[PDB]
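Below is one structure, written out as structure tokens; the observations come after it.
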Number of protein chains: 2
Amino acid sequence: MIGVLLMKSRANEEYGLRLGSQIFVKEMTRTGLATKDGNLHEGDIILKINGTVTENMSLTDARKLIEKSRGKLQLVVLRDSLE
Amino acid sequence: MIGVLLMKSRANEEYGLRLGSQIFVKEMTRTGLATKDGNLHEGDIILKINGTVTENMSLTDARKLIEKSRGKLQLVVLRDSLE
């Protein structure tokens with residue numbers, strides 16, 4: 001937990017930093033199918049969900065996809081397995 | 001790389017999994033102020049930006065914050081406190 005303050009030393013353009021966002025496992029129901037098997041850990045970055053991209057996608061969309069996904073849902077993760 | 005397929009239980013209900021999004025460093029200009037100091041790692045998860053939360057926030061908002069913050073910008077990273 002450490003923040004960094006970066007200052008600008010060029011009046012030509014912005015910092016030139018492109019920040020993106022990905023959908024991760026914020027939280028799951030206790031004693032559920034996700035916790036019983038341990039498919040994804042709280043905080044793990046998801047790459048794809050039910051054949052749908054999980055990068056730059058809207059939070060509302062990701063939540064809607066899981067809601068509309070009545071039956072079986074697929075989740076893909078990038079790196080990190082056991083640890 | 002590694003994906004998991006979760007199925008529904010024998011009962012009319014949802015999975016109960018809450019998926020959230022976080023703003024990370026997608027890509028930055030080489031030989032810049034961010035790379036010179038190494039404030040954030042490409043792909044690293046950010047906790048806050050210029051005092052603005054970096055969880056569940058919007059991609060446009062995060063980009064606007066950095067753009068509107070002409071001069072100096074603050075960033076928060078999570079990966080253990082180290083000097």
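Scheme for the structure tokens: letters A, B, ... for chains in order shown; per-chain residue numbers from 1; ligand numbers from 1 in order shown.
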Neighbours of chain A in chain B at 7 Å, counting only C-alpha atoms, as a ChimeraX atom specification: /B:1-8,14,16-29,33-34,39,56,59,63,67,71-81
Same-sequence overlay, chain B on chain A, C-alpha least squares, as a CSV table (one decimal) with N, CA and C atoms, in the first residue's frame:
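As a result, part.csv now contains:
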chain,number,residue,atom,x,y,z
B,1,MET,N,-2.5,2.2,-0.2
B,1,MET,CA,-1.4,2.0,0.7
B,1,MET,C,-0.2,2.8,0.3
B,2,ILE,N,0.2,2.6,-1.0
B,2,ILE,CA,1.4,3.4,-1.5
B,2,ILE,C,1.0,4.1,-2.8
B,3,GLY,N,1.2,5.4,-2.8
B,3,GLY,CA,0.8,6.3,-3.9
B,3,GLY,C,2.0,7.0,-4.5
B,4,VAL,N,1.9,7.4,-5.7
B,4,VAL,CA,3.0,8.2,-6.4
B,4,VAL,C,2.5,9.4,-7.1
B,5,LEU,N,3.2,10.5,-7.0
B,5,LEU,CA,2.8,11.8,-7.6
B,5,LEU,C,3.7,12.1,-8.8
B,6,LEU,N,3.1,12.1,-10.0
B,6,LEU,CA,3.9,12.3,-11.2
B,6,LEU,C,3.6,13.8,-11.7
B,7,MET,N,4.7,14.5,-12.0
B,7,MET,CA,4.6,15.8,-12.5
B,7,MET,C,4.9,15.9,-14.0
B,8,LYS,N,4.5,17.0,-14.6
B,8,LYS,CA,4.6,17.2,-16.0
B,8,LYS,C,6.0,17.8,-16.4
B,9,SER,N,6.5,17.5,-17.5
B,9,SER,CA,7.8,17.9,-18.0
B,9,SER,C,7.7,19.4,-18.5
B,10,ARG,N,8.9,20.0,-18.8
B,10,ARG,CA,8.9,21.4,-19.3
B,10,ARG,C,8.6,21.4,-20.8
B,11,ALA,N,7.3,21.1,-21.1
B,11,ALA,CA,6.9,21.0,-22.5
B,11,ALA,C,5.3,20.8,-22.5
B,12,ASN,N,4.6,21.6,-23.3
B,12,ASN,CA,3.2,21.5,-23.5
B,12,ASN,C,2.8,20.1,-24.0
B,13,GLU,N,2.5,19.2,-23.2
B,13,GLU,CA,2.1,17.8,-23.6
B,13,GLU,C,1.5,17.0,-22.4
B,14,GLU,N,1.0,15.8,-22.7
B,14,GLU,CA,0.4,15.0,-21.7
B,14,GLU,C,1.4,14.0,-21.1
B,15,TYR,N,0.9,13.1,-20.2
B,15,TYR,CA,1.8,12.1,-19.6
B,15,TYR,C,2.0,10.9,-20.5
B,16,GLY,N,1.0,10.6,-21.4
B,16,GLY,CA,1.1,9.5,-22.3
B,16,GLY,C,0.9,8.2,-21.6
B,17,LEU,N,0.1,8.2,-20.5
B,17,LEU,CA,-0.2,7.0,-19.8
B,17,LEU,C,-1.7,6.5,-20.1
B,18,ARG,N,-1.8,5.3,-20.5
B,18,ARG,CA,-3.1,4.7,-20.9
B,18,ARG,C,-3.6,3.8,-19.7
B,19,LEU,N,-4.7,4.3,-19.1
B,19,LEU,CA,-5.2,3.5,-17.9
B,19,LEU,C,-6.4,2.7,-18.4
B,20,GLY,N,-6.4,1.4,-18.1
B,20,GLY,CA,-7.4,0.5,-18.5
B,20,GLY,C,-8.1,-0.1,-17.3
B,21,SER,N,-9.3,-0.7,-17.5
B,21,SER,CA,-10.0,-1.3,-16.4
B,21,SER,C,-10.2,-2.8,-16.6
B,22,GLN,N,-10.3,-3.6,-15.5
B,22,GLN,CA,-10.5,-5.0,-15.6
B,22,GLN,C,-11.5,-5.4,-14.5
B,23,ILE,N,-12.3,-6.5,-14.9
B,23,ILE,CA,-13.4,-7.0,-14.0
B,23,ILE,C,-12.8,-8.1,-13.1
B,24,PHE,N,-12.9,-7.8,-11.8
B,24,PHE,CA,-12.4,-8.8,-10.8
B,24,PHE,C,-13.6,-9.2,-9.9
B,25,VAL,N,-13.3,-10.2,-9.0
B,25,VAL,CA,-14.3,-10.7,-8.1
B,25,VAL,C,-14.4,-9.8,-6.8
B,26,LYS,N,-15.3,-8.9,-6.9
B,26,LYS,CA,-15.5,-8.0,-5.7
B,26,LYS,C,-15.9,-8.8,-4.5
B,27,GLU,N,-17.0,-9.5,-4.6
B,27,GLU,CA,-17.5,-10.3,-3.4
B,27,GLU,C,-18.4,-11.4,-3.9
B,28,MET,N,-18.4,-12.6,-3.2
B,28,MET,CA,-19.3,-13.7,-3.6
B,28,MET,C,-20.0,-14.2,-2.3
B,29,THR,N,-21.1,-14.9,-2.5
B,29,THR,CA,-21.9,-15.5,-1.4
B,29,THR,C,-21.1,-16.6,-0.8
B,30,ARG,N,-21.0,-16.6,0.5
B,30,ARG,CA,-20.3,-17.7,1.2
B,30,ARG,C,-21.0,-19.0,1.1
B,31,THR,N,-20.2,-20.1,1.1
B,31,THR,CA,-20.8,-21.5,1.0
B,31,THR,C,-21.5,-21.6,-0.4
B,32,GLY,N,-21.0,-21.0,-1.4
B,32,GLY,CA,-21.6,-21.1,-2.7
B,32,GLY,C,-20.9,-22.0,-3.6
B,33,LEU,N,-21.3,-22.0,-4.9
B,33,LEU,CA,-20.6,-22.9,-5.9
B,33,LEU,C,-19.2,-22.4,-6.2
B,34,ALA,N,-19.0,-21.1,-6.2
B,34,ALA,CA,-17.7,-20.5,-6.5
B,34,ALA,C,-16.7,-20.7,-5.3
B,35,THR,N,-17.2,-20.6,-4.1
B,35,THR,CA,-16.4,-20.8,-2.9
B,35,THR,C,-16.1,-22.3,-2.7
B,36,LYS,N,-17.0,-23.2,-3.1
B,36,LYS,CA,-16.9,-24.6,-2.9
B,36,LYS,C,-15.7,-25.2,-3.8
B,37,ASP,N,-15.6,-24.6,-5.0
B,37,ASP,CA,-14.5,-25.0,-5.9
B,37,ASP,C,-13.3,-24.0,-5.9
B,38,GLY,N,-13.6,-22.8,-5.6
B,38,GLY,CA,-12.5,-21.8,-5.5
B,38,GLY,C,-12.1,-21.4,-6.9
B,39,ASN,N,-13.0,-21.3,-7.9
B,39,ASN,CA,-12.7,-20.9,-9.2
B,39,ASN,C,-12.0,-19.5,-9.3
B,40,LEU,N,-12.5,-18.6,-8.5
B,40,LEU,CA,-12.0,-17.2,-8.5
B,40,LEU,C,-11.8,-16.7,-7.1
B,41,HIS,N,-10.7,-16.0,-6.9
B,41,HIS,CA,-10.4,-15.4,-5.6
B,41,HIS,C,-11.0,-14.0,-5.5
B,42,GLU,N,-11.5,-13.7,-4.3
B,42,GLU,CA,-12.0,-12.3,-4.1
B,42,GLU,C,-11.0,-11.2,-4.3
B,43,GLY,N,-11.2,-10.5,-5.4
B,43,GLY,CA,-10.3,-9.4,-5.8
B,43,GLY,C,-9.4,-9.8,-6.9
B,44,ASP,N,-9.4,-11.1,-7.3
B,44,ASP,CA,-8.6,-11.6,-8.4
B,44,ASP,C,-9.0,-11.1,-9.7
B,45,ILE,N,-8.1,-10.8,-10.6
B,45,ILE,CA,-8.3,-10.2,-11.9
B,45,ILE,C,-8.8,-11.3,-12.9
B,46,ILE,N,-9.9,-11.0,-13.5
B,46,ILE,CA,-10.5,-12.0,-14.5
B,46,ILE,C,-10.0,-11.6,-15.9
B,47,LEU,N,-9.8,-12.6,-16.8
B,47,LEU,CA,-9.3,-12.3,-18.2
B,47,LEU,C,-10.5,-12.4,-19.1
B,48,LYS,N,-11.4,-13.3,-18.9
B,48,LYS,CA,-12.6,-13.5,-19.8
B,48,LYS,C,-13.8,-14.1,-19.0
B,49,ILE,N,-15.0,-13.8,-19.5
B,49,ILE,CA,-16.2,-14.3,-18.9
B,49,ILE,C,-17.2,-14.8,-19.9
B,50,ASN,N,-17.4,-16.1,-19.9
B,50,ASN,CA,-18.3,-16.8,-20.8
B,50,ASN,C,-17.9,-16.5,-22.3
B,51,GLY,N,-16.6,-16.4,-22.5
B,51,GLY,CA,-16.1,-16.1,-23.9
B,51,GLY,C,-16.1,-14.6,-24.1
B,52,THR,N,-16.5,-13.7,-23.2
B,52,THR,CA,-16.5,-12.3,-23.3
B,52,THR,C,-15.3,-11.7,-22.6
B,53,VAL,N,-14.6,-10.8,-23.3
B,53,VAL,CA,-13.4,-10.1,-22.8
B,53,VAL,C,-13.7,-9.5,-21.4
B,54,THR,N,-12.7,-9.5,-20.5
B,54,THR,CA,-12.9,-8.9,-19.2
B,54,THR,C,-11.9,-7.7,-19.0
B,55,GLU,N,-11.5,-7.1,-20.1
B,55,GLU,CA,-10.6,-5.9,-20.1
B,55,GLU,C,-11.3,-4.8,-20.8
B,56,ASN,N,-11.3,-3.6,-20.1
B,56,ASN,CA,-12.0,-2.4,-20.7
B,56,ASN,C,-13.5,-2.6,-20.8
B,57,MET,N,-14.0,-3.8,-20.5
B,57,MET,CA,-15.4,-4.0,-20.6
B,57,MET,C,-16.2,-3.2,-19.5
B,58,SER,N,-17.5,-3.2,-19.7
B,58,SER,CA,-18.4,-2.4,-18.8
B,58,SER,C,-18.9,-3.3,-17.6
B,59,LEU,N,-19.0,-2.6,-16.4
B,59,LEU,CA,-19.5,-3.3,-15.2
B,59,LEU,C,-20.9,-3.9,-15.4
B,60,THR,N,-21.7,-3.1,-16.0
B,60,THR,CA,-23.1,-3.6,-16.3
B,60,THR,C,-23.1,-4.8,-17.2
B,61,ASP,N,-22.3,-4.8,-18.2
B,61,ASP,CA,-22.2,-5.9,-19.2
B,61,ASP,C,-21.7,-7.1,-18.5
B,62,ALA,N,-20.7,-7.1,-17.7
B,62,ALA,CA,-20.2,-8.2,-17.0
B,62,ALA,C,-21.2,-8.8,-16.1
B,63,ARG,N,-22.0,-7.9,-15.4
B,63,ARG,CA,-23.0,-8.4,-14.5
B,63,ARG,C,-24.2,-9.0,-15.3
B,64,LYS,N,-24.5,-8.4,-16.4
B,64,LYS,CA,-25.6,-8.9,-17.3
B,64,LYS,C,-25.2,-10.3,-17.9
B,65,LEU,N,-24.0,-10.4,-18.2
B,65,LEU,CA,-23.5,-11.7,-18.8
B,65,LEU,C,-23.7,-12.8,-17.8
B,66,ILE,N,-23.4,-12.6,-16.5
B,66,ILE,CA,-23.6,-13.6,-15.5
B,66,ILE,C,-25.0,-13.9,-15.2
B,67,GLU,N,-25.8,-12.8,-15.3
B,67,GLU,CA,-27.3,-12.9,-15.0
B,67,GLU,C,-28.0,-13.7,-16.2
B,68,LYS,N,-27.7,-13.2,-17.4
B,68,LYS,CA,-28.2,-13.9,-18.6
B,68,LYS,C,-27.8,-15.3,-18.8
B,69,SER,N,-26.6,-15.6,-18.3
B,69,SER,CA,-26.0,-17.0,-18.4
B,69,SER,C,-26.6,-17.9,-17.3
B,70,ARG,N,-27.9,-18.1,-17.3
B,70,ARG,CA,-28.6,-18.9,-16.4
B,70,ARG,C,-28.3,-20.4,-16.6
B,71,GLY,N,-27.6,-21.0,-15.7
B,71,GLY,CA,-27.2,-22.4,-15.8
B,71,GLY,C,-25.7,-22.6,-15.5
B,72,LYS,N,-24.9,-22.4,-16.6
B,72,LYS,CA,-23.4,-22.5,-16.4
B,72,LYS,C,-22.7,-21.3,-17.0
B,73,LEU,N,-21.7,-20.9,-16.3
B,73,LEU,CA,-20.9,-19.7,-16.7
B,73,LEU,C,-19.4,-20.0,-16.7
B,74,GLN,N,-18.7,-19.5,-17.6
B,74,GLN,CA,-17.2,-19.7,-17.7
B,74,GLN,C,-16.5,-18.5,-17.3
B,75,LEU,N,-15.3,-18.7,-16.6
B,75,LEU,CA,-14.5,-17.5,-16.2
B,75,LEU,C,-13.0,-17.8,-16.4
B,76,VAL,N,-12.3,-16.8,-16.7
B,76,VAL,CA,-10.8,-17.0,-17.0
B,76,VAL,C,-10.0,-16.1,-16.0
B,77,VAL,N,-9.0,-16.8,-15.4
B,77,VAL,CA,-8.2,-16.1,-14.4
B,77,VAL,C,-6.7,-16.2,-14.8
B,78,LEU,N,-6.0,-15.1,-14.4
B,78,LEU,CA,-4.5,-15.1,-14.7
B,78,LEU,C,-3.7,-15.2,-13.5
B,79,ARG,N,-2.9,-16.2,-13.3
B,79,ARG,CA,-2.1,-16.5,-12.1
B,79,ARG,C,-1.3,-17.7,-12.3
B,80,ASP,N,-0.7,-18.0,-13.4
B,80,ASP,CA,0.1,-19.1,-13.7
B,80,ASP,C,-0.7,-20.4,-13.7
B,81,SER,N,-0.5,-21.3,-14.7
B,81,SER,CA,-1.2,-22.5,-14.9
B,81,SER,C,-0.8,-23.6,-13.9
B,82,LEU,N,-1.7,-24.0,-13.0
B,82,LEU,CA,-1.4,-25.0,-12.0
B,82,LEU,C,-2.5,-26.0,-11.8
B,83,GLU,N,-2.2,-27.3,-11.7
B,83,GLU,CA,-3.2,-28.3,-11.5
B,83,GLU,C,-3.4,-28.7,-10.0
Mind checking DSSP for chain B and telling me the alpha helix (DSSP H) residues as an MDAnalysis selection string? chainID B and resid 33:37 59:68
